[PDB]
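Visitor: I have a structure I would like to understand better, so I am pasting it below and will then ask my questions one at a time.
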Protein chains: 2
Amino acid sequence: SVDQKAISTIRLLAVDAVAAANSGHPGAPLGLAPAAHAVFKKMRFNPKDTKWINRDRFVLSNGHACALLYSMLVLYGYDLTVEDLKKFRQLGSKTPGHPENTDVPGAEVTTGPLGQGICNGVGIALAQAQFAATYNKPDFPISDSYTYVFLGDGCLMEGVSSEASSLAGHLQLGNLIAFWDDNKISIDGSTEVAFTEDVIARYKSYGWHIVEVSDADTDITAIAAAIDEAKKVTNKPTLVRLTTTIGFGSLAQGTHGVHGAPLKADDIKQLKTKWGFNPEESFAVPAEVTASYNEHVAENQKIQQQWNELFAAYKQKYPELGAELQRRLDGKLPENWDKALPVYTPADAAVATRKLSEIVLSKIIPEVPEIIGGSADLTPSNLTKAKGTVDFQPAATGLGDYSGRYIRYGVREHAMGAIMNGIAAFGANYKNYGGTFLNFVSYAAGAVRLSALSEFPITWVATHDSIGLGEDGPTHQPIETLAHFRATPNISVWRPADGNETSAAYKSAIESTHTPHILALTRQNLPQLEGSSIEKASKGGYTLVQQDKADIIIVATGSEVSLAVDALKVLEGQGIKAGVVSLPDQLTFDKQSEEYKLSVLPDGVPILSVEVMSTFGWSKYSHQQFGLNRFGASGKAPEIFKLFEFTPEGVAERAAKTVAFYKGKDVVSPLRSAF
Amino acid sequence: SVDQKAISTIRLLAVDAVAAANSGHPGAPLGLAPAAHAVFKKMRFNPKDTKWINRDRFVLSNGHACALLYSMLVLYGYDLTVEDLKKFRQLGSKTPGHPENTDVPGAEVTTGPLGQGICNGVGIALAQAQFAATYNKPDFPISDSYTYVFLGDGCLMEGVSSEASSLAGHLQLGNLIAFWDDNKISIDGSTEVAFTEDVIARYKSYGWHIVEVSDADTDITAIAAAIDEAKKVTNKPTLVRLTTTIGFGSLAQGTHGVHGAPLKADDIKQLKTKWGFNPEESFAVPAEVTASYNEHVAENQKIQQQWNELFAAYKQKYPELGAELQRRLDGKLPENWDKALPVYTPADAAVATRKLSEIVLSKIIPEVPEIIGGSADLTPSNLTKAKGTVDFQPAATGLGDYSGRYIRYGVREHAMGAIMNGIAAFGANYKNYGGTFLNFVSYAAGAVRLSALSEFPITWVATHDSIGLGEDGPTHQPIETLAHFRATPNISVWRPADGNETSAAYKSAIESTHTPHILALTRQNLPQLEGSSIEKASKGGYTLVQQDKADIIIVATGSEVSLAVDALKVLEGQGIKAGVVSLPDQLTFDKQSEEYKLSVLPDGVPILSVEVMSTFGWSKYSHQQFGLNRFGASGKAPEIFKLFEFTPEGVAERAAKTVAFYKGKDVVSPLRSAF
Ligand SMILES: CC1=C(CCOP(=O)(O)OP(=O)(O)O)S/C(=C(/O)CO)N1Cc1cnc(C)nc1N
Ligand SMILES: CC1=C(CCOP(=O)(O)OP(=O)(O)O)S/C(=C(/O)CO)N1Cc1cnc(C)nc1N
Ligand SMILES: O=C[C@H](O)[C@H](O)COP(=O)(O)O
Ligand SMILES: O=C[C@H](O)[C@H](O)COP(=O)(O)O
Ligand SMILES: [Ca+2]
Ligand SMILES: [Ca+2]
């Protein structure tokens with residue numbers, strides 16, 4: 001049949017791509033080609049408009065199987081061709097060894113790190129439910145799309161997927177349909193060696209619906225029927241168990257050796273002949289397969305054309321909501337939204353930056369509907385919920401509604417991070433955030449790094465940033481955390497010192513379109529600074545206190561800026577004149593012009609950094625670094641600062657020693673380099 | 001009864017400790033005091049010998065509830081007193097806000113970061129099973145101890161606990177008995193808001209046994225009976241559901257407000273009167289409670305005394321095993337074990353450091369029985385299994401035995417990291433390791449940081465360290481990872497360049513008693529270096545190529561040392577003389593004497609670092625840094641190195657620019673500082 005020919009075409013494209021690279025993973029593509037064929041024939045999508053907001057989404061969580069995804073995208077006429085398949089895994093190609101949303105048309109998210117994609121699919125589905133609840137009206141199903149996810153045994157072993165699956169079942173996300181490649185093989189061999197749990201019973205315990213397809217190597221009728229059944233279960237995400245043979249058709253089918261290495265040339269020949277293909281030919285695409293797939297594309301394009309007319313009618317019937325939706329689909333924030341950001345003066349009271357953050361959210365959430373967010377069981381500590389909003393929950397629970405804006409993630413940092421990436425991936429200008437303590441953002445490092453690589457504008461509201469949290473002690477007090485994320489490409493790590501800087505940090509986080517943000521916020525109160533403003537803090541680094549005859553400049557962030565200002569006064573009594581630089585975001589600063597940066601960190605003056613965490617990275621901006629390179633302590637926060645000499649006198653002492661160390665030396669800016 | 005009085009004493013000690021600190025968590029201590037009383041009365045332990053190797057272990061995974069643990073330790077006469085309880089959460093005290101194994105007698109592990117302790121308990125139980133299988137003989141139950149873990153809803157939501165619970169059920173760890181504080185309250189309120197899964201059905205799906213105690217606020221008879229039942233189920237770990245009221249007895253019992261803040265003074269008064277205590281008194285310890293607890297200690301001490309005689313008899317009956325066991329309990333490695341480490345010369349072939357690691361393990365595993373380890377589903381890629389060893393599996397599976405030495409962790413990096421901490425915590429000189437790709441050690445950051453804070457000598461075998469892995473691409477290629485762990489206090493991050501350095505790295509990792517190690521190892525082959533040795537590499541940094549008239553020194557690690565040596569030859573043709581420093585472990589280097597370090601990085605010469613990852617940290621050792629501060633690429637590894645100019649000519653060009661940049665300048669060692 002043409003369906004059988006399509007499945008064979010998919011299998012052979014994937015195997016030929018691996019063969020040409022002499023690298024990659026043929027096994028799961030061979031096992032999942034029937035399911036991929038069946039799912040894509042049920043999906044609504046436009047290869048010529050990858051951003052249609054009512055498309056069904058597909059996520060390949062077992063990202064190593066990407067030769068399968070690339071074959072589907074090629075066959076359906078996305079902006080990816082057989083010539084790109086021939087360049088699988090080659091430097092600069094559109095077919096990298098794991099799918100990247102920035103590089104691959106039709107890749108919704110970046111996968112490859114196991115467990116992430118299923119959680120991203122939970123986030124795409126969460127966003128779709130929230131979006132539909134916000135916009136749909138009687139006779140106007142603006143959003144009614146599904147989220148289809150393929151995943152394997154590896155994803156099911158990673159804890160992040162358990163977190164997201166428990167939450168998805170709690171949230172009754174009936175438009176999520178996941179498919180487990182139940183092939184009983186991972187890299188270390190049989191799953192009997194390490195993965196003997198009853199997966200199906202576990203997913204029932206989360207409140208998922210189950211469909212089992214016992215012969216997923218051939219039974220596309222049953223795979224299609226499983227999708228139909230899943231769509232009838234509107235209050236549970238569904239897991240479809242696809243019992244497959246890894247490497248189906250290979251001489252080496254059913255073995256770990258087919259997971260991750262190219263097939264032998266003679267194996268490829270026998271695959272082709274058994275399926276009616278020419279064993280002398282590679283990258284064959286039968287015209288009948290193209291015709292069948294083109295039929296489905298043309299049908300989907302007529303569906304999108306009708307949706308465009310529905311959207312035009314919606315804008316007539318619901319003028320305000322229609323304009324809001326149009327603005328969001330254009331990627332634009334509300335005009336002058338930032339006038340809602342709070343502004344402070346030095347006469348205002350001291351406030352913790354966690355509380356300043358709460359106040360910002362309280363002002364901007366009502367003004368910017370595409371902001372949604374939550375906390376990982378730390379809502380009253382991170383201060384992430386605006387009073388008066390409703391939680392995102394299924395209405396059946398009585399605890400919220402899908403039109404809600406606040407997500408109770410539970411104690412699930414890693415899944416929260418990957419769900420945020422899925423919410424961003426949904427599109428529609430979502431600007432979403434997640435709260436936890438800064439030290440526990442580290443639990444989610446797998447997802448955070450993917451936010452950076454995927455260029456998603458997600459925001460971590462990361463409170464309790466330092467030893468300033470006090471009594472909870474060294475298990476809770478960050479030391480390495482800012483260095484880790486600052487050393488990751490494309491992460492904006494804001495550590496605002498006061499109210500104006502906190503507003504600048506949120507202006508950056510909400511305006512972002514390609515850079516994730518971590519806002520490192522305090523438990524303890526900080527004074528409003530003389531010289532701060534949203535304008536200057538928006539530069540990432542700025543001169544807070546200018547001193548034309550400076551003997552030293554102190555550069556600091558967050559809670560240590562006020563400390564630097566107090567140290568300036570101690571130094572004045574020692575006959576030393578200091579300037580102060582505030583550096584709320586190193587990434588934003590680094591992106592300013594060279595002349596702007598040199599105006600902040602000039603030649604001819606020693607520069608001392610002060611930040612109560614690791615000194616790593618700080619030599620980019622300073623000659624000497626005062627930091628904390630040991631674990632913290634359990635005690636009242638002011639006593640910890642005193643113990644580690646983060647006091648005005650301790651900073652002044654190190655500043656005076658820095659001035660003395662450079663006497664008789666020529667000093668150039670830390671910004672200078674040899675190359 | 002005296003039991004009722006003991007429970008009240010525990011509850012009131014914990015509440016009074018929180019009250020004195022005006023900080024901490026009274027709710028779970030109040031709810032779990034009956035269970036704590038019942039479990040400690042079943043446990044065998046010696047407060048005067050916290051290291052008795054056949055003790056039962058207790059782990060408080062819900063570490064915020066530590067006022068409960070500290071109260072039990074005080075009541076049983078550990079080296080912790082009521083005066084220490086009065087200093088709960090105060091700077092420098094023995095009663096920090098979360099338990100720390102380095103500081104608290106009777107704290108087996110450091111908890112506080114949720115999910116960790118239950119996984120540590122899995123590791124303690126895994127080690128006990130392996131230890132018992134290694135040493136027990138007929139009539140000689142050298143090891144027969146249990147592992148008891150308390151955990152709450154937060155731990156059950158963290159994915160790391162799902163990973164370890166799935167693995168523990170697969171491993172049939174019948175001496176693990178966990179207790180879930182089923183109180184339906186977390187920080188964000190009712191568990192109905194985010195945690196509605198059927199926990200019991202999930203744990204059945206992992207192959208755990210279940211006992212439910214419906215009235216754990218009072219029914220110590222049923223808690224004791226649940227322990228007895230769990231001990232009869234020798235092939236499954238058991239979860240005991242303790243249905244409790246958080247803050248039991250408080251006016252605010254059953255609310256989130258009692259989770260995490262001190263009780264009101266009038267609430268404490270009514271608690272005391274309802275339980276027969278004087279509301280005017282704090283930190284009361286009734287003598288009858290002390291007497292009852294002392295009885296149990298005296299019984300346990302007689303059990304340990306009999307075990308000591310059993311051990312003496314074992315040494316007579318099994319002379320070789322007895323001496324091995326004695327050596328391990330003394331904390332000593334076999335005499336001259338390190339003579340088994342492979343040594344290489346520059347005439348030997350190029351080898352990837354992952355393969356060199358395999359070879360080391362193959363030589364040292366047969367010589368050092370306390371080495372055990374595994375991989376997170378990457379055994380044939382990390383090369384972590386010595387040929388001929390047997391896997392650690394229950395014999396009932398046919399796939400291994402508990403006397404085995406190789407652990408199939410599955411795709412569970414975070415749980416592997418926390419399980420390794422539990423294996424180390426068991427004691428008996430275990431030197432245990434876990435393999436994954438370096439980029440995915442980041443999945444386990446929560447546990448890795450705890451290895452450092454807890455001072456456990458665990459080892460990550462972290463292969464595929466850089467863009468040198470090639471085609472898998474930027475989702476797999478570390479950039480930030482070494483900076484992150486180097487910036488964490490107390491982590492030895494070895495990045496060996498060749499065979500001799502790899503042996504030095506393992507000598508350090510296996511000799512360690514207080515510092516975790518990460519070995520960053522290559523996929524790709526590297527040459528044996530002229531000038532390397534175990535002796536010099538053991539210093540952490542050393543002069544590989546000495547040049548008395550150096551115009552520049554190049555400092556490098558790992559794969560970039562050979563690159564630096566090749567660049568030296570290009571520079572010689574440009575009229576520039578270079579020295580080379582190899583820095584296989586920055587922590588080890590930093591611990592050398594100041595004069596040794598200055599002999600490696602002297603004054604008077606520009607120093608350029610070369611490492612194909614983040615430049616963070618490198619200014620400690622260099623004036624200029626050549627690194628990779630952007631994500632990688634999917635392609636053949638040599639082409640990626642060429643793209644980023646990590647070539648002999650690219651290094652030489654930056655070295656020449658560095659020499660020119662310092663012309664006419666006075667240069668002092670990067671090791672100098674102002675303070
Ligand atoms: C262990 C693992 C594989 C087995 C999957 O086993 P599986 O999901 O059952 O797949 P399959 O056998 O049915 O094909 S792939 C993978 C690749 O490096 C190719 O991406 N690694 C390494 C791996 C480890 N940990 C994380 C977080 N992500 C990973 N990517
Ligand atoms: C969310 C969380 C709490 C609720 C537990 O909720 P729970 O386990 O049901 O406890 P309980 O209500 O019955 O007392 S405590 C905790 C403390 O900061 C006191 O350690 N945090 C923050 C927290 C978040 N994430 C990690 C990895 N570790 C944490 N420590
Ligand atoms: O569990 C409680 C944590 O210790 C808590 O959230 C810290 O509370 P805080 O907001 O007072 O810092
Ligand atoms: O899944 C396979 C990963 O891509 C694999 O383990 C890498 O294999 P390697 O050992 O050839 O690098
Ligand atoms: Ca599999
Ligand atoms: Ca609870």
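In the structure tokens, the first chain shown is A, the next is B, and so on; residue numbers restart at 1 for each chain, and ligands run from 1 in the order shown.
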Residues near residue 86 of chain A, anyone? I mean within 10 Å using only C-alpha atoms, not counting same-chain ones fewer than 2 positions away, as a list in words.
Guide: residues 13, 16, 17, 18, 19, 20, 21, 81, 82, 83, 84, 88, 89, 90, 93, 95, 282 and 283 of chain A
Visitor: What would the file look like if the residues just selected were written as a short mmCIF file (atom, residue, chain, number, x, y, z; two decimals), in the first residue's frame with N, CA, C and O atoms?
Guide:
data_model
loop_
_atom_site.label_atom_id
_atom_site.label_comp_id
_atom_site.auth_asym_id
_atom_site.auth_seq_id
_atom_site.Cartn_x
_atom_site.Cartn_y
_atom_site.Cartn_z
N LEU A 13 15.13 6.54 4.59
CA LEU A 13 15.75 7.86 4.66
C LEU A 13 16.59 7.97 5.92
O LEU A 13 17.70 8.50 5.90
N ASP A 16 19.72 5.80 5.67
CA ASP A 16 20.67 6.35 4.69
C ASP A 16 21.32 7.61 5.24
O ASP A 16 22.51 7.87 4.94
N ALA A 17 20.59 8.43 6.01
CA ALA A 17 21.20 9.62 6.61
C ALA A 17 22.29 9.25 7.61
O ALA A 17 23.39 9.82 7.58
N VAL A 18 22.00 8.28 8.48
CA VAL A 18 23.01 7.78 9.40
C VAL A 18 24.20 7.21 8.64
O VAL A 18 25.36 7.41 9.04
N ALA A 19 23.92 6.47 7.56
CA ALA A 19 25.01 5.87 6.79
C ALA A 19 25.91 6.94 6.19
O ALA A 19 27.14 6.80 6.20
N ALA A 20 25.32 8.02 5.66
CA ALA A 20 26.12 9.05 5.02
C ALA A 20 27.00 9.78 6.03
O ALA A 20 28.14 10.14 5.72
N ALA A 21 26.48 9.98 7.25
CA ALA A 21 27.28 10.64 8.28
C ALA A 21 28.30 9.68 8.89
O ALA A 21 29.26 10.13 9.52
N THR A 81 15.55 19.51 3.02
CA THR A 81 15.53 18.70 1.81
C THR A 81 16.35 17.44 1.97
O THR A 81 17.08 17.27 2.95
N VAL A 82 16.26 16.56 0.97
CA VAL A 82 17.12 15.39 0.97
C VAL A 82 18.58 15.81 0.98
O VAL A 82 19.43 15.12 1.57
N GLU A 83 18.92 16.92 0.30
CA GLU A 83 20.31 17.37 0.35
C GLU A 83 20.75 17.70 1.77
O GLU A 83 21.90 17.45 2.14
N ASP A 84 19.84 18.24 2.58
CA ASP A 84 20.16 18.44 3.99
C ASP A 84 20.33 17.10 4.72
O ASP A 84 21.18 16.99 5.60
N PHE A 88 23.52 15.21 7.30
CA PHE A 88 23.26 14.88 8.70
C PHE A 88 24.56 14.87 9.48
O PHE A 88 25.54 14.25 9.07
N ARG A 89 24.55 15.55 10.63
CA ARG A 89 25.68 15.50 11.56
C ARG A 89 26.95 16.14 11.00
O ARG A 89 28.01 16.00 11.59
N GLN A 90 26.85 16.92 9.92
CA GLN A 90 28.01 17.61 9.36
C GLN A 90 28.03 19.07 9.76
O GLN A 90 26.99 19.72 9.84
N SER A 93 25.39 22.08 9.05
CA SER A 93 24.18 21.64 8.35
C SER A 93 22.89 21.99 9.11
O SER A 93 22.89 22.34 10.30
N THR A 95 20.79 19.74 9.73
CA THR A 95 20.42 18.44 10.28
C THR A 95 21.42 18.02 11.33
O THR A 95 22.14 17.03 11.17
N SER A 282 20.26 5.24 -2.63
CA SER A 282 20.07 5.85 -1.32
C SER A 282 19.23 7.11 -1.45
O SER A 282 19.14 7.73 -2.52
N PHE A 283 18.59 7.45 -0.35
CA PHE A 283 17.73 8.64 -0.23
C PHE A 283 16.58 8.62 -1.23
O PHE A 283 16.17 9.66 -1.76
#
Visitor: Where in segment 84-158 of chain B does DSSP assign strand (DSSP E), given as an MDAnalysis selection string?
Guide: chainID B and resid 147:151
Visitor: Would you save the residues from that selection as a compact mmCIF listing (two decimals), in the first residue's frame, using N, CA, C and O atoms?
Guide:
# COMPACT_ATOMS: atom_id res chain seq x y z
N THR B 147 18.31 0.38 56.89
CA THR B 147 18.38 1.80 56.57
C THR B 147 16.97 2.37 56.67
O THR B 147 16.08 1.94 55.92
N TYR B 148 16.77 3.28 57.61
CA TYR B 148 15.47 3.89 57.86
C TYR B 148 15.49 5.31 57.37
O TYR B 148 16.42 6.07 57.69
N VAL B 149 14.49 5.71 56.58
CA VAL B 149 14.48 7.06 56.02
C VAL B 149 13.14 7.70 56.27
O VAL B 149 12.10 7.06 56.02
N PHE B 150 13.15 8.92 56.78
CA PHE B 150 11.93 9.73 56.81
C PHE B 150 11.94 10.68 55.63
O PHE B 150 12.97 11.29 55.31
N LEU B 151 10.78 10.85 54.99
CA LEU B 151 10.68 11.78 53.86
C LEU B 151 9.27 12.34 53.84
O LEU B 151 8.33 11.73 54.38
Visitor: Within 8 Å of ligand 4, counting only C-alpha atoms and all ligand atoms, which protein or nucleic acid residues do you find, written as a list in words?
Guide: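 For ligand 4, the residues inside 8 Å are residues 24, 25, 64, 187, 259, 260 and 261 of chain A; 378, 380, 381, 382, 464, 469, 472 and 523 of chain B.
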Visitor: As a list in words, please: the residues near segment 585-599 of chain A (cut-off 8 Å, only C-alpha atoms, same-chain neighbours under 3 positions excluded).
Guide: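 Close residues of segment 585-599 of chain A: residues 486, 490, 491, 492, 493, 494, 495, 538, 539, 540, 541, 602, 603, 669 and 671 of chain A.
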Visitor: May I have the residues from that selection written out with N, CA, C and O atoms, as a PDB file, in the first residue's frame?
Guide:
ATOM      1  N   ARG A 486      26.373  32.530  34.603  1.00  0.00           N
ATOM      2  CA  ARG A 486      27.090  33.546  33.822  1.00  0.00           C
ATOM      3  C   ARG A 486      28.055  32.941  32.822  1.00  0.00           C
ATOM      4  O   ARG A 486      28.317  33.550  31.781  1.00  0.00           O
ATOM      5  N   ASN A 490      24.567  33.047  26.663  1.00  0.00           N
ATOM      6  CA  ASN A 490      23.177  33.508  26.439  1.00  0.00           C
ATOM      7  C   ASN A 490      22.276  33.364  27.662  1.00  0.00           C
ATOM      8  O   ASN A 490      21.094  33.022  27.518  1.00  0.00           O
ATOM      9  N   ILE A 491      22.787  33.680  28.859  1.00  0.00           N
ATOM     10  CA  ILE A 491      21.917  33.815  30.032  1.00  0.00           C
ATOM     11  C   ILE A 491      22.170  35.178  30.661  1.00  0.00           C
ATOM     12  O   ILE A 491      23.291  35.498  31.073  1.00  0.00           O
ATOM     13  N   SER A 492      21.100  35.964  30.786  1.00  0.00           N
ATOM     14  CA  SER A 492      21.119  37.265  31.428  1.00  0.00           C
ATOM     15  C   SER A 492      20.867  37.034  32.919  1.00  0.00           C
ATOM     16  O   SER A 492      19.759  36.619  33.301  1.00  0.00           O
ATOM     17  N   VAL A 493      21.890  37.295  33.776  1.00  0.00           N
ATOM     18  CA  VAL A 493      21.829  36.995  35.210  1.00  0.00           C
ATOM     19  C   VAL A 493      21.795  38.340  35.923  1.00  0.00           C
ATOM     20  O   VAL A 493      22.820  39.010  36.146  1.00  0.00           O
ATOM     21  N   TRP A 494      20.581  38.781  36.233  1.00  0.00           N
ATOM     22  CA  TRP A 494      20.401  40.081  36.858  1.00  0.00           C
ATOM     23  C   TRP A 494      20.462  39.893  38.363  1.00  0.00           C
ATOM     24  O   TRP A 494      19.793  39.024  38.926  1.00  0.00           O
ATOM     25  N   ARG A 495      21.180  40.784  39.031  1.00  0.00           N
ATOM     26  CA  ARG A 495      21.286  40.762  40.495  1.00  0.00           C
ATOM     27  C   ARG A 495      21.042  42.182  40.964  1.00  0.00           C
ATOM     28  O   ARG A 495      21.969  42.936  41.291  1.00  0.00           O
ATOM     29  N   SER A 538      19.436  49.740  32.915  1.00  0.00           N
ATOM     30  CA  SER A 538      19.132  49.015  31.687  1.00  0.00           C
ATOM     31  C   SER A 538      20.375  48.746  30.854  1.00  0.00           C
ATOM     32  O   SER A 538      20.350  47.871  29.985  1.00  0.00           O
ATOM     33  N   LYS A 539      21.466  49.478  31.098  1.00  0.00           N
ATOM     34  CA  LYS A 539      22.736  49.278  30.431  1.00  0.00           C
ATOM     35  C   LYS A 539      23.483  48.074  30.975  1.00  0.00           C
ATOM     36  O   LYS A 539      24.560  47.769  30.475  1.00  0.00           O
ATOM     37  N   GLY A 540      22.972  47.443  32.031  1.00  0.00           N
ATOM     38  CA  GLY A 540      23.615  46.241  32.591  1.00  0.00           C
ATOM     39  C   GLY A 540      24.713  46.579  33.607  1.00  0.00           C
ATOM     40  O   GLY A 540      24.877  45.880  34.612  1.00  0.00           O
ATOM     41  N   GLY A 541      25.511  47.614  33.339  1.00  0.00           N
ATOM     42  CA  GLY A 541      26.498  48.149  34.244  1.00  0.00           C
ATOM     43  C   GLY A 541      26.537  49.643  34.086  1.00  0.00           C
ATOM     44  O   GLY A 541      26.424  50.125  32.941  1.00  0.00           O
ATOM     45  N   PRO A 602      37.196  52.525  33.309  1.00  0.00           N
ATOM     46  CA  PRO A 602      38.257  53.190  32.531  1.00  0.00           C
ATOM     47  C   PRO A 602      39.644  52.620  32.829  1.00  0.00           C
ATOM     48  O   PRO A 602      39.852  51.885  33.788  1.00  0.00           O
ATOM     49  N   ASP A 603      40.601  52.988  31.969  1.00  0.00           N
ATOM     50  CA  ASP A 603      42.018  52.761  32.209  1.00  0.00           C
ATOM     51  C   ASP A 603      42.504  53.675  33.343  1.00  0.00           C
ATOM     52  O   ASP A 603      41.870  54.677  33.691  1.00  0.00           O
ATOM     53  N   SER A 669      42.375  49.203  31.875  1.00  0.00           N
ATOM     54  CA  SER A 669      41.077  48.643  32.189  1.00  0.00           C
ATOM     55  C   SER A 669      41.082  47.115  32.102  1.00  0.00           C
ATOM     56  O   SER A 669      41.695  46.546  31.196  1.00  0.00           O
ATOM     57  N   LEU A 671      38.837  45.609  30.858  1.00  0.00           N
ATOM     58  CA  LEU A 671      38.206  45.366  29.578  1.00  0.00           C
ATOM     59  C   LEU A 671      39.203  45.226  28.451  1.00  0.00           C
ATOM     60  O   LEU A 671      38.808  44.771  27.374  1.00  0.00           O
TER      61      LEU A 671
END
Visitor: Counting only C-alpha atoms, figure out which residue out of A:507, A:11, A:264, A:231 gets nearest to residue 337 of chain A.
Guide: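 Ranking A:507, A:11, A:264, A:231 by distance to residue 337 of chain A, first place goes to A:507.
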Visitor: Can I get the residues close to ligand 5 as a PyMOL selection string, where close means within 12 Å and we count only C-alpha atoms and all ligand atoms?
Guide: (chain A and resi 25+27-29+31-32+62+64-65+114+150-157+180-192+194-195+242-247+254-260) or (chain B and resi 377+410-411)
Visitor: Only residues of chain A matter here; which ones have an atom within 6 Å of chain B, counting only C-alpha atoms? Give them as a PyMOL selection string.
Guide: chain A and resi 89-91+96-97+154+157-160+162-163+170+187-188+194+196-198+201-202+205-206+377+408+410-412+443+446+471-473+480+484+487-489+616-617+630+634-635+657-658+661+674
Visitor: Can you tell me, as a PDB file with C-alpha atoms, in the first residue's frame, what residues are no more than 10 Å from residue 555 of chain A when counting only C-alpha atoms, ignoring any on the same chain fewer than 2 positions away?
Guide:
ATOM      1  CA  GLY A 541      26.498  48.149  34.244  1.00  0.00           C
ATOM      2  CA  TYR A 542      26.750  51.835  35.082  1.00  0.00           C
ATOM      3  CA  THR A 543      28.637  54.399  37.112  1.00  0.00           C
ATOM      4  CA  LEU A 544      26.671  54.788  40.335  1.00  0.00           C
ATOM      5  CA  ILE A 552      40.012  53.017  43.096  1.00  0.00           C
ATOM      6  CA  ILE A 553      36.662  51.983  41.621  1.00  0.00           C
ATOM      7  CA  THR A 557      26.135  43.791  42.381  1.00  0.00           C
ATOM      8  CA  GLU A 560      26.982  44.443  47.807  1.00  0.00           C
ATOM      9  CA  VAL A 561      26.383  47.768  46.018  1.00  0.00           C
ATOM     10  CA  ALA A 564      30.445  49.431  48.429  1.00  0.00           C
ATOM     11  CA  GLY A 579      34.026  55.505  42.676  1.00  0.00           C
ATOM     12  CA  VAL A 580      31.256  52.865  42.598  1.00  0.00           C
ATOM     13  CA  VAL A 581      30.005  50.849  39.629  1.00  0.00           C
ATOM     14  CA  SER A 582      26.811  48.777  39.829  1.00  0.00           C
ATOM     15  CA  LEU A 583      26.777  45.769  37.503  1.00  0.00           C
ATOM     16  CA  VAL A 600      32.260  52.643  33.328  1.00  0.00           C
ATOM     17  CA  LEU A 601      35.572  50.747  33.761  1.00  0.00           C
ATOM     18  CA  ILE A 607      39.187  48.206  40.156  1.00  0.00           C
ATOM     19  CA  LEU A 608      38.016  45.947  43.014  1.00  0.00           C
ATOM     20  CA  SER A 609      34.939  43.715  42.671  1.00  0.00           C
ATOM     21  CA  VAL A 610      32.661  42.910  45.628  1.00  0.00           C
ATOM     22  CA  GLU A 611      30.008  40.160  45.487  1.00  0.00           C
ATOM     23  CA  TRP A 618      34.946  38.867  37.967  1.00  0.00           C
ATOM     24  CA  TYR A 621      35.655  43.679  35.149  1.00  0.00           C
ATOM     25  CA  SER A 622      38.212  44.103  37.918  1.00  0.00           C
ATOM     26  CA  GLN A 625      38.162  40.413  43.590  1.00  0.00           C
TER      27      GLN A 625
END
Visitor: Would you mind listing what lies within 12 Å of residue 534 of chain B as a list in words, with only C-alpha atoms counted and same-chain residues fewer than 6 positions away left out?
Guide: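 Surrounding residues, per the criterion: residues 338, 339, 341, 342, 343, 344, 345, 496, 497, 498, 499, 500, 501, 502, 503, 504, 505, 506, 507, 508, 540, 541, 542 and 584 of chain B.
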Visitor: What parts of segment 442-662 of chain B does DSSP call alpha helix (DSSP H)? I'd like the answer as a VMD selection string.
Guide: chain B and resid 445 to 454 481 to 486 499 to 511 534 to 537 559 to 573 586 to 590 594 to 600 637 to 643 648 to 661
Visitor: May I have the residues within 12 Å of residue 459 of chain B as JSON, numbers by chain, using only C-alpha atoms and disregarding those fewer than 2 positions away in the same chain?
Guide: {"B": [371, 372, 373, 374, 375, 384, 416, 417, 418, 419, 420, 421, 423, 424, 430, 431, 432, 433, 434, 435, 436, 441, 448, 451, 452, 455, 456, 457, 461, 462, 491, 492, 493, 494, 505, 506, 507, 508, 509, 510, 511, 512, 513, 514, 515, 516, 517, 518, 519, 520]}
Visitor: Could you check which of B:336, B:128, B:525, B:4 is closest to residue 37 of chain B, using only C-alpha atoms?
Guide: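 Closest candidate: B:4.
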Visitor: Can you tell me, as a VMD selection string, what residues are no more than 7 Å from residue 10 of chain B when counting only C-alpha atoms, ignoring any on the same chain fewer than 2 positions away?
Guide: chain B and resid 6 to 8 12 to 14 33 68 71 to 72
